[PDB]
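Worksheet: one structure, shown below.
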Protein chains: 2
Amino acid sequence: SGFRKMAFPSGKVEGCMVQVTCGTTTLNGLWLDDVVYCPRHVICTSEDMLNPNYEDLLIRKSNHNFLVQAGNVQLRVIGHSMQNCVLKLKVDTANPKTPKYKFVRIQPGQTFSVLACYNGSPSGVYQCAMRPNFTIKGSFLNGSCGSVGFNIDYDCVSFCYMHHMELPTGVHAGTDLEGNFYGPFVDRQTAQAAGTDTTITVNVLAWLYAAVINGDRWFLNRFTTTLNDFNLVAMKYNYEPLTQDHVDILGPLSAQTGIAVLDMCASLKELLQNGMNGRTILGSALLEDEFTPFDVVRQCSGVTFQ
Amino acid sequence: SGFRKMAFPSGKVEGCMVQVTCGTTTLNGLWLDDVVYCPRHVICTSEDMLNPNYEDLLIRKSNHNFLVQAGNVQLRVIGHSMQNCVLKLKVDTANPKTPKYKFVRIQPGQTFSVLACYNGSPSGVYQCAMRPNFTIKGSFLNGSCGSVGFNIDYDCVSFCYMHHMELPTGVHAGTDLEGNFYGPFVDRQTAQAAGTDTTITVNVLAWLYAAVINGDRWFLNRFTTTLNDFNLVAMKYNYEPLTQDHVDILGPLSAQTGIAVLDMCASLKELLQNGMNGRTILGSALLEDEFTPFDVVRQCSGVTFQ
Ligand SMILES: *[C@H](O)[C@H](C[C@@H]1CCNC1=O)NC(=O)[C@H](CC1CC1)NC(=O)OCc1ccccc1
Ligand SMILES: *[C@H](O)[C@H](C[C@@H]1CCNC1=O)NC(=O)[C@H](CC1CC1)NC(=O)OCc1ccccc1
């Protein structure tokens with residue numbers, strides 16, 4: 001038993017990280033088959049980035065201006081192009097360690113693992129959720145751009161995120177591997193507002209189920225509620241509205257625990273209105289929303305990948 | 001910026017996990033050079049485990065009774081022996097993916113990454129601390145035994161933990177890779193008490209520094225304190241006593257932040273005596289103690305491994 005914020009094993013992604021260098025800028029790239037993906041601002045200088053004309057800047061670059069290094073060995077660049085906010089460098093060598101993979105554009109509320117890298121080398125791995133306002137709450141320093149977020153489905157790696165920037169509020173923004181930003185962001189160094197950020201209600205409920213599965217049940221009550229009445233309290237506390245689709249998604253956990261979804265909503269209501277009153281749930285004094293249902297079932301049935 | 005509970009990249013350990021099967025019991029083993037390490041209770045049956053006579057049980061086993069599988073390929077067992085609470089199976093094949101490695105016995109308060117496995121296959125990776133009472137707060141299900149905890153020093157993997165059991169309080173216990181338990185535990189299915197568990201004071205202070213480095217500073221005050229006066233409040237709240245050695249260890253963080261260690265202790269005093277009063281620090285409503293100083297410096301300077 002026990003419940004921990006767990007990342008996917010990172011091995012298959014580790015073998016795809018490379019170092020990409022254009023002038024004095026170095027960041028991380030992702031090497032799959034004979035293509036290296038990285039953020040296009042690798043071609044900027046410190047002054048470019050207030051308002052880069054990326055098309056104009058890339059025209060001044062040729063293949064040999066891109067230095068790509070995987071470990072100690074240099075890759076030869078034989079073609080370059082820009083897709084949205086990412087650069088694709090065609091290299092002479094197919095990555096022998098390329099995993100089975102997919103590019104996916106994830107939905108808000110979904111989670112994924114981040115392999116934080118510097119200079120093409122892994123620093124660490126952690127779990128993140130795509131917030132409803134399309135930011136993530138990561139740990140990223142200068143040089144971290146091009147680090148990626150991924151899920152693993154048995155043997156397939158689904159890449160979903162590439163890191164590009166930090167917003168004034170300290171949160172992080174990035175693109176899918178087609179180079180489209182999540183959210184309204186652009187790759188220039190200006191003040192940019194994210195949304196008002198909301199709490200992922202279905203994830204909170206899933207974590208309350210995890211807590212019950214794992215011996216924490218003090219927060220359970222004798223009340224119930226309705227979808228509309230709960231939703232009415234959701235808006236108050238800036239929670240996403242709960243839908244029948246979410247209820248259905250919680251079905252397995254409601255079945256495992258014998259606790260109807262609306263009964264759990266009622267418990268969640270007395271937690272929002274009354275706070276936790278000094279208590280804790282699964283070692284936290286806050287309501288956690290970065291576990292999908294689906295995450296919860298994964299830990300509690302021991303799913304594996306290798 | 002940002003601060004996240006980050007695990008080491010798991011690739012080098014992933015290539016060492018195998019499946020070990022003796023009768024109907026299956027668990028994980030660690031394959032390094034031509035040796036597979038696993039918990040010795042792989043030789044028990046469900047009734048043995050109340051009071052196993054491990055020496056007697058192992059005598060009934062021969063090499064061919066141990067089925068070791070790395071992926072789809074079977075390893076041949078050519079010798080077996082018991083060292084403390086671990087079994088060492090000598091196999092005919094040296095693991096081609098063996099990393100540079102060390103076995104180490106970690107100290108309470110130190111942290112390490114856990115690669116949670118089932119049937120020889122990775123499920124996920126997360127960070128843990130060795131608690132002062134020699135337990136860890138993990139996520140482990142049936143079948144997880146033999147999963148290991150490790151650190152990485154550039155290219156060297158230091159294995160420090162192998163999982164064996166869950167205690168009645170829901171926490172986890174295990175051995176070093178020489179098969180000696182951390183703490184007073186024995187590998188039998190009885191009620192076993194861990195210590196009173198204390199809070200790792202130096203780690204809390206390091207996390208308060210991380211919070212300051214990362215823009216959270218509301219908890220800072222105009223007071224200071226003395227080592228003995230703070231320690232006197234430490235005992236009250238069941239914190240480890242703070243020593244000059246700890247102060248010295250915090251030196252770099254005190255230098256980075258310009259906040260003297262004893263000034264931070266004073267802030268920690270008004271947090272313990274007054275609680276957080278509804279506020280948060282680095283996204284938590286509790287005082288976190290599973291970051292060593294050393295962890296904090298690692299994230300905040302971007303250390304890498306590959
Ligand atoms: C690329 O590695 C870097 C990641 C930033 C660095 C600090 N924390 C991060 O997440 N991204 C940038 O430097 C981008 C440049 C892109 C063209 C926009 N700019 C940026 O993030 O500005 C905010 C910032 C915050 C703190 C320190 C430096 C820059
Ligand atoms: C081995 O895989 C397993 C790990 C336990 C299983 C549940 N959570 C864990 O951490 N270890 C055991 O089954 C050991 C057997 C060793 C000889 C002592 N026994 C044990 O942990 O008993 C407690 C327990 C708790 C919950 C479910 C089963 C067993």
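Residues in the structure tokens are numbered from 1 in each chain, the chains being A, B, ... in the order shown, and ligands are numbered from 1 in the order shown.
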Q | Contacts of ligand 2, 10 Å or closer, only C-alpha atoms and all ligand atoms, given as JSON, numbers by chain | A | {"A": [1, 2], "B": [25, 26, 27, 28, 39, 40, 41, 42, 43, 44, 45, 46, 48, 49, 50, 51, 52, 85, 117, 118, 119, 138, 139, 140, 141, 142, 143, 144, 145, 146, 147, 163, 164, 165, 166, 167, 168, 169, 170, 171, 172, 173, 174, 185, 186, 187, 188, 189, 190, 191, 192]}
With C-alpha atoms retained, could you export that selection as a tab-separated table (two decimals), in the first residue's frame?
```
chain	number	residue	atom	x	y	z
A	1	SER	CA	0.00	0.00	0.00
A	2	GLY	CA	1.02	3.62	-0.03
B	25	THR	CA	6.56	-17.10	-5.48
B	26	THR	CA	7.77	-14.49	-7.97
B	27	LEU	CA	9.62	-11.28	-7.20
B	28	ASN	CA	12.26	-8.96	-8.59
B	39	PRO	CA	15.09	-11.14	-1.10
B	40	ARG	CA	15.51	-14.50	0.45
B	41	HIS	CA	11.82	-14.89	1.18
B	42	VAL	CA	11.39	-15.91	-2.46
B	43	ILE	CA	11.90	-19.46	-1.09
B	44	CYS	CA	8.99	-19.27	1.38
B	45	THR	CA	5.39	-20.40	0.97
B	46	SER	CA	2.41	-18.54	2.38
B	48	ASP	CA	6.34	-20.51	5.98
B	49	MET	CA	6.34	-16.83	6.56
B	50	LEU	CA	5.04	-16.57	10.01
B	51	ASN	CA	8.34	-18.08	11.28
B	52	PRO	CA	10.59	-19.20	8.43
B	85	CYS	CA	18.41	-11.54	4.20
B	117	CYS	CA	8.98	-3.12	-10.25
B	118	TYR	CA	6.64	-6.11	-10.72
B	119	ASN	CA	7.64	-9.37	-12.38
B	138	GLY	CA	6.82	4.16	-0.36
B	139	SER	CA	4.22	2.76	-2.75
B	140	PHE	CA	4.61	-1.00	-2.83
B	141	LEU	CA	2.19	-3.81	-3.66
B	142	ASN	CA	2.44	-7.57	-3.55
B	143	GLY	CA	5.15	-8.60	-5.95
B	144	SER	CA	7.23	-5.44	-5.43
B	145	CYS	CA	9.89	-7.14	-3.27
B	146	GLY	CA	13.38	-6.85	-4.72
B	147	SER	CA	12.74	-3.41	-6.14
B	163	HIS	CA	12.43	-3.78	-0.65
B	164	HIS	CA	11.20	-6.58	1.63
B	165	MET	CA	8.11	-5.76	3.61
B	166	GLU	CA	5.32	-3.45	4.78
B	167	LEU	CA	4.84	-2.70	8.49
B	168	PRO	CA	1.44	-2.45	10.23
B	169	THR	CA	1.60	1.36	10.10
B	170	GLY	CA	1.72	1.22	6.28
B	171	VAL	CA	5.41	2.14	6.02
B	172	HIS	CA	8.07	0.11	4.30
B	173	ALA	CA	11.20	-1.74	5.33
B	174	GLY	CA	14.11	-3.35	3.59
B	185	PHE	CA	13.25	-5.50	11.36
B	186	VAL	CA	13.28	-9.22	10.55
B	187	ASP	CA	11.87	-10.92	7.45
B	188	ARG	CA	8.88	-12.69	8.94
B	189	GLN	CA	5.18	-11.85	8.94
B	190	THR	CA	4.73	-10.64	12.46
B	191	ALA	CA	3.76	-7.35	14.04
B	192	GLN	CA	6.91	-5.25	14.24
```
Chain A onto chain B, all Cα, least squares, as a compact mmCIF listing (two decimals) with C-alpha atoms, in the first residue's frame:
```txt
# COMPACT_ATOMS: atom_id res chain seq x y z
CA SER A 1 12.82 28.07 -11.21
CA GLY A 2 10.44 25.78 -9.43
CA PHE A 3 11.08 22.98 -6.99
CA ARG A 4 9.80 19.44 -7.46
CA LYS A 5 10.44 16.11 -5.75
CA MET A 6 12.62 14.65 -8.49
CA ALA A 7 13.89 11.11 -8.98
CA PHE A 8 17.12 10.09 -10.65
CA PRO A 9 16.80 8.95 -14.25
CA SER A 10 16.20 5.23 -13.98
CA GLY A 11 17.67 3.82 -17.21
CA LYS A 12 20.84 2.28 -15.79
CA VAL A 13 18.89 0.47 -13.08
CA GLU A 14 16.11 -0.61 -15.48
CA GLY A 15 18.61 -2.77 -17.40
CA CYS A 16 19.40 -4.69 -14.21
CA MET A 17 15.92 -5.83 -13.20
CA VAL A 18 15.02 -9.48 -13.58
CA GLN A 19 12.28 -11.86 -12.50
CA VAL A 20 13.12 -14.52 -9.95
CA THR A 21 10.72 -17.41 -9.35
CA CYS A 22 10.99 -20.23 -6.78
CA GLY A 23 7.86 -22.39 -6.76
CA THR A 24 4.77 -20.19 -6.86
CA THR A 25 6.56 -17.10 -5.48
CA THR A 26 7.77 -14.49 -7.97
CA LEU A 27 9.62 -11.28 -7.20
CA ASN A 28 12.26 -8.96 -8.59
CA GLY A 29 15.97 -9.50 -8.60
CA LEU A 30 18.92 -7.29 -9.45
CA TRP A 31 21.32 -8.61 -12.11
CA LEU A 32 24.87 -7.23 -11.93
CA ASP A 33 27.86 -8.99 -13.51
CA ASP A 34 27.02 -12.73 -13.18
CA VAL A 35 25.05 -12.44 -9.91
CA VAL A 36 21.34 -11.92 -9.21
CA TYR A 37 20.40 -10.43 -5.82
CA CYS A 38 16.89 -10.89 -4.45
CA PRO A 39 15.09 -11.14 -1.10
CA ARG A 40 15.51 -14.50 0.45
CA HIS A 41 11.82 -14.89 1.18
CA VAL A 42 11.39 -15.91 -2.46
CA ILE A 43 11.90 -19.46 -1.09
CA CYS A 44 8.99 -19.27 1.38
CA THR A 45 5.39 -20.40 0.97
CA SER A 46 2.41 -18.54 2.38
CA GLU A 47 2.58 -20.57 5.62
CA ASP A 48 6.34 -20.51 5.98
CA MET A 49 6.34 -16.83 6.56
CA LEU A 50 5.04 -16.57 10.01
CA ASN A 51 8.34 -18.08 11.28
CA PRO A 52 10.59 -19.20 8.43
CA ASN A 53 13.65 -21.30 9.16
CA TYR A 54 15.47 -19.92 6.14
CA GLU A 55 18.51 -22.19 6.49
CA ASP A 56 16.29 -25.26 6.55
CA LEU A 57 14.17 -23.98 3.64
CA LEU A 58 17.16 -23.17 1.41
CA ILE A 59 18.67 -26.63 1.95
CA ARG A 60 15.68 -28.07 0.08
CA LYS A 61 16.48 -25.84 -2.94
CA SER A 62 18.91 -26.60 -5.76
CA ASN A 63 20.14 -24.31 -8.54
CA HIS A 64 17.52 -25.51 -11.03
CA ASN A 65 14.66 -24.65 -8.64
CA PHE A 66 15.45 -20.96 -9.24
CA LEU A 67 13.96 -19.59 -12.43
CA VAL A 68 15.58 -16.28 -13.41
CA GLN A 69 14.25 -14.40 -16.44
CA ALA A 70 15.58 -11.10 -17.89
CA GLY A 71 12.98 -10.04 -20.40
CA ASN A 72 12.10 -13.10 -22.47
CA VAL A 73 15.41 -14.96 -22.02
CA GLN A 74 16.08 -17.38 -19.17
CA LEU A 75 19.30 -17.17 -17.19
CA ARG A 76 20.93 -20.38 -16.00
CA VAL A 77 21.59 -20.59 -12.25
CA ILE A 78 24.91 -22.23 -11.38
CA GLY A 79 25.26 -21.48 -7.68
CA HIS A 80 23.19 -20.02 -4.88
CA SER A 81 23.94 -18.70 -1.44
CA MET A 82 22.33 -16.71 1.32
CA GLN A 83 23.96 -13.53 2.67
CA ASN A 84 21.92 -12.21 5.61
CA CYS A 85 18.41 -11.54 4.20
CA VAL A 86 19.37 -11.71 0.55
CA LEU A 87 19.92 -14.56 -1.84
CA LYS A 88 22.73 -14.42 -4.39
CA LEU A 89 22.16 -16.57 -7.49
CA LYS A 90 25.24 -17.13 -9.63
CA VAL A 91 24.17 -17.21 -13.29
CA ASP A 92 26.00 -18.37 -16.42
CA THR A 93 25.78 -14.94 -18.14
CA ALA A 94 27.18 -11.56 -17.13
CA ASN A 95 24.63 -8.79 -17.50
CA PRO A 96 25.80 -6.90 -20.63
CA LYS A 97 24.02 -3.82 -19.29
CA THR A 98 25.70 -3.79 -15.90
CA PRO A 99 26.38 -0.16 -14.91
CA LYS A 100 29.31 1.07 -12.93
CA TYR A 101 28.00 0.50 -9.43
CA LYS A 102 28.63 0.44 -5.69
CA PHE A 103 26.70 -1.02 -2.79
CA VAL A 104 26.28 1.48 0.01
CA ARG A 105 24.53 1.48 3.38
CA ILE A 106 22.86 4.89 3.58
CA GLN A 107 22.37 6.96 6.70
CA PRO A 108 19.03 8.09 8.10
CA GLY A 109 18.00 11.42 6.61
CA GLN A 110 19.54 10.63 3.20
CA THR A 111 17.35 10.25 0.14
CA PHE A 112 17.31 7.91 -2.85
CA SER A 113 15.17 6.96 -5.82
CA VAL A 114 12.97 3.84 -5.89
CA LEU A 115 12.35 1.98 -9.13
CA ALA A 116 9.15 0.13 -8.26
CA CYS A 117 8.98 -3.12 -10.25
CA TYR A 118 6.64 -6.11 -10.72
CA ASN A 119 7.64 -9.37 -12.38
CA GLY A 120 10.97 -7.94 -13.30
CA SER A 121 9.48 -4.96 -15.14
CA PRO A 122 9.55 -1.25 -14.11
CA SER A 123 6.29 0.35 -12.99
CA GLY A 124 7.53 3.82 -11.93
CA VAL A 125 10.17 5.85 -10.17
CA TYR A 126 9.98 8.08 -7.11
CA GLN A 127 12.01 9.74 -4.40
CA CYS A 128 12.15 8.53 -0.79
CA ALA A 129 14.06 9.41 2.37
CA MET A 130 15.38 6.89 4.92
CA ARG A 131 13.46 8.01 7.94
CA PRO A 132 15.27 8.41 11.27
CA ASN A 133 13.49 5.20 12.40
CA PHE A 134 14.82 3.32 9.33
CA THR A 135 11.52 3.00 7.40
CA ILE A 136 10.52 4.55 4.09
CA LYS A 137 7.14 5.89 2.97
CA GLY A 138 6.82 4.16 -0.36
CA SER A 139 4.22 2.76 -2.75
CA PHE A 140 4.61 -1.00 -2.83
CA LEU A 141 2.19 -3.81 -3.66
CA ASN A 142 2.44 -7.57 -3.55
CA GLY A 143 5.15 -8.60 -5.95
CA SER A 144 7.23 -5.44 -5.43
CA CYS A 145 9.89 -7.14 -3.27
CA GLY A 146 13.38 -6.85 -4.72
CA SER A 147 12.74 -3.41 -6.14
CA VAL A 148 15.72 -1.29 -5.29
CA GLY A 149 16.59 2.22 -4.22
CA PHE A 150 19.61 3.94 -5.66
CA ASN A 151 21.52 7.17 -6.15
CA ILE A 152 23.55 8.16 -9.21
CA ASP A 153 26.94 9.95 -9.05
CA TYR A 154 27.65 11.05 -12.63
CA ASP A 155 28.00 7.55 -14.15
CA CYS A 156 28.09 5.35 -11.00
CA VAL A 157 24.92 3.80 -9.52
CA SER A 158 25.05 3.43 -5.73
CA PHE A 159 22.48 0.84 -4.73
CA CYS A 160 21.33 1.35 -1.20
CA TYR A 161 17.98 -0.37 -0.62
CA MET A 162 16.13 -3.55 -1.53
CA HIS A 163 12.43 -3.78 -0.65
CA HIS A 164 11.20 -6.58 1.63
CA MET A 165 8.11 -5.76 3.61
CA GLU A 166 5.32 -3.45 4.78
CA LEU A 167 4.84 -2.70 8.49
CA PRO A 168 1.44 -2.45 10.23
CA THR A 169 1.60 1.36 10.10
CA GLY A 170 1.72 1.22 6.28
CA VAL A 171 5.41 2.14 6.02
CA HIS A 172 8.07 0.11 4.30
CA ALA A 173 11.20 -1.74 5.33
CA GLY A 174 14.11 -3.35 3.59
CA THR A 175 17.80 -4.11 3.53
CA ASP A 176 21.04 -2.93 2.00
CA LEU A 177 22.40 -5.04 -0.83
CA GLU A 178 24.38 -7.09 1.67
CA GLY A 179 20.99 -8.16 3.01
CA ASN A 180 21.14 -6.39 6.36
CA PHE A 181 17.93 -4.66 7.32
CA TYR A 182 17.79 -1.02 7.94
CA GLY A 183 16.42 -0.78 11.50
CA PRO A 184 15.33 -3.56 13.83
CA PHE A 185 13.25 -5.50 11.36
CA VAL A 186 13.28 -9.22 10.55
CA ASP A 187 11.87 -10.92 7.45
CA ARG A 188 8.88 -12.69 8.94
CA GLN A 189 5.18 -11.85 8.94
CA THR A 190 4.73 -10.64 12.46
CA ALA A 191 3.76 -7.35 14.04
CA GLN A 192 6.91 -5.25 14.24
CA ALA A 193 7.23 -1.78 15.74
CA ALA A 194 9.32 0.90 14.12
CA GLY A 195 10.61 3.72 16.24
CA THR A 196 8.91 6.85 17.10
CA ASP A 197 9.72 8.73 13.89
CA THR A 198 11.37 12.15 14.07
CA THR A 199 11.52 15.00 11.56
CA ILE A 200 14.81 15.51 9.73
CA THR A 201 15.53 19.05 10.83
CA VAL A 202 18.42 19.79 8.46
CA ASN A 203 16.27 18.70 5.47
CA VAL A 204 13.44 21.02 6.56
CA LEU A 205 15.88 23.90 6.76
CA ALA A 206 17.25 23.02 3.32
CA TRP A 207 13.71 23.08 1.92
CA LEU A 208 13.05 26.45 3.54
CA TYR A 209 16.16 27.69 1.72
CA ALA A 210 14.82 26.16 -1.52
CA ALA A 211 11.63 28.11 -0.90
CA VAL A 212 13.60 31.36 -0.54
CA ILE A 213 15.70 30.67 -3.65
CA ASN A 214 12.36 30.19 -5.46
CA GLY A 215 10.51 33.34 -4.43
CA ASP A 216 8.70 32.17 -1.27
CA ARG A 217 9.85 34.30 1.66
CA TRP A 218 6.73 35.28 3.68
CA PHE A 219 7.81 32.99 6.54
CA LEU A 220 10.98 35.00 7.17
CA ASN A 221 11.10 37.01 10.36
CA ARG A 222 13.08 39.63 12.26
CA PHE A 223 14.01 37.21 15.03
CA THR A 224 16.99 35.03 15.54
CA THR A 225 17.76 32.21 17.98
CA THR A 226 20.55 30.08 19.47
CA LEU A 227 21.40 26.47 18.65
CA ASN A 228 20.43 25.38 22.18
CA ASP A 229 17.20 27.40 22.26
CA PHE A 230 16.15 26.15 18.84
CA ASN A 231 17.14 22.62 19.79
CA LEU A 232 14.98 23.02 22.85
CA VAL A 233 11.99 23.65 20.57
CA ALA A 234 13.20 20.83 18.33
CA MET A 235 12.68 18.24 21.07
CA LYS A 236 9.19 19.62 21.68
CA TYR A 237 8.03 19.05 18.09
CA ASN A 238 9.93 15.80 17.71
CA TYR A 239 12.63 17.20 15.42
CA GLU A 240 16.19 15.87 15.29
CA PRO A 241 18.63 18.09 17.22
CA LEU A 242 20.54 20.55 15.04
CA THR A 243 24.35 20.35 15.28
CA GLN A 244 27.23 22.51 14.07
CA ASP A 245 27.86 19.80 11.46
CA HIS A 246 24.38 20.45 10.06
CA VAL A 247 25.01 24.20 10.19
CA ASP A 248 28.20 23.70 8.12
CA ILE A 249 26.31 21.52 5.63
CA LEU A 250 23.81 24.35 5.17
CA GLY A 251 26.69 26.79 4.57
CA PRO A 252 26.40 26.96 0.78
CA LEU A 253 22.65 27.58 0.96
CA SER A 254 23.09 30.17 3.70
CA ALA A 255 25.68 31.82 1.40
CA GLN A 256 23.51 31.71 -1.73
CA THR A 257 20.59 33.25 0.16
CA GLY A 258 22.35 35.63 2.56
CA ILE A 259 20.23 34.15 5.36
CA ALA A 260 22.19 32.93 8.36
CA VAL A 261 21.30 29.41 9.46
CA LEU A 262 20.20 30.52 12.93
CA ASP A 263 17.90 33.16 11.36
CA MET A 264 16.25 30.35 9.38
CA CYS A 265 15.94 28.32 12.60
CA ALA A 266 14.07 31.28 14.11
CA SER A 267 11.68 31.25 11.15
CA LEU A 268 11.29 27.50 11.65
CA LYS A 269 10.53 28.05 15.33
CA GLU A 270 7.44 30.56 14.52
CA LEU A 271 6.30 27.90 11.94
CA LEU A 272 6.29 25.05 14.50
CA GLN A 273 4.84 27.16 17.34
CA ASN A 274 2.34 29.07 15.19
CA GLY A 275 1.66 26.70 12.30
CA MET A 276 1.35 28.00 8.76
CA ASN A 277 -1.89 29.79 9.41
CA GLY A 278 -3.35 28.72 6.12
CA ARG A 279 -0.43 29.67 3.99
CA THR A 280 1.73 27.49 1.73
CA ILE A 281 5.46 26.99 0.99
CA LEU A 282 6.57 25.58 -2.37
CA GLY A 283 3.04 24.32 -2.89
CA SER A 284 2.85 22.47 0.43
CA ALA A 285 0.85 23.16 3.61
CA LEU A 286 3.23 21.00 5.66
CA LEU A 287 6.90 21.27 6.53
CA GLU A 288 8.69 18.95 4.10
CA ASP A 289 11.71 16.96 5.29
CA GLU A 290 12.53 14.62 2.37
CA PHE A 291 15.00 17.02 0.63
CA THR A 292 18.62 16.86 1.75
CA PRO A 293 20.67 20.02 1.43
CA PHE A 294 22.32 18.35 -1.14
CA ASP A 295 19.28 17.54 -3.22
CA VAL A 296 18.36 21.24 -3.00
CA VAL A 297 21.71 22.35 -4.43
CA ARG A 298 21.40 19.65 -7.13
CA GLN A 299 18.13 20.98 -8.50
CA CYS A 300 19.12 24.62 -8.15
CA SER A 301 22.41 24.22 -10.11
CA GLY A 302 21.15 21.69 -12.70
CA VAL A 303 23.51 18.77 -11.99
CA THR A 304 23.45 16.01 -14.65
CA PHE A 305 24.51 12.37 -15.12
CA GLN A 306 23.72 10.58 -18.43
```
Q: Run DSSP on the backbone and grab whatever in segment 59-182 of chain A lands in helix (DSSP H, G or I); send it over as a ChimeraX atom specification.
A: /A:59,63-65
Give me a file of those residues, with N, CA and C atoms, as a PDB file, in the first residue's frame.
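again06.pdb, written as the output of this step:
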```
ATOM      1  N   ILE A  59      16.880  31.871 -41.894  1.00  0.00           N
ATOM      2  CA  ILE A  59      17.480  32.036 -43.215  1.00  0.00           C
ATOM      3  C   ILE A  59      18.991  32.228 -43.123  1.00  0.00           C
ATOM      4  N   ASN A  63      22.992  24.126 -42.539  1.00  0.00           N
ATOM      5  CA  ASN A  63      23.074  22.847 -41.826  1.00  0.00           C
ATOM      6  C   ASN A  63      24.288  22.787 -40.904  1.00  0.00           C
ATOM      7  N   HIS A  64      25.451  23.258 -41.383  1.00  0.00           N
ATOM      8  CA  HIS A  64      26.664  23.108 -40.594  1.00  0.00           C
ATOM      9  C   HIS A  64      26.718  24.041 -39.391  1.00  0.00           C
ATOM     10  N   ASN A  65      25.835  25.028 -39.313  1.00  0.00           N
ATOM     11  CA  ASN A  65      25.768  25.894 -38.138  1.00  0.00           C
ATOM     12  C   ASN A  65      25.093  25.219 -36.960  1.00  0.00           C
TER      13      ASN A  65
END
```
Q) Could you write out, as an MDAnalysis selection string, all the residues of segment 42-240 of chain B that DSSP marks as strand (DSSP E)? A) chainID B and resid 67:70 73:75 77:83 86:91 100:103 111:118 121:129 148:153 156:166 172:175
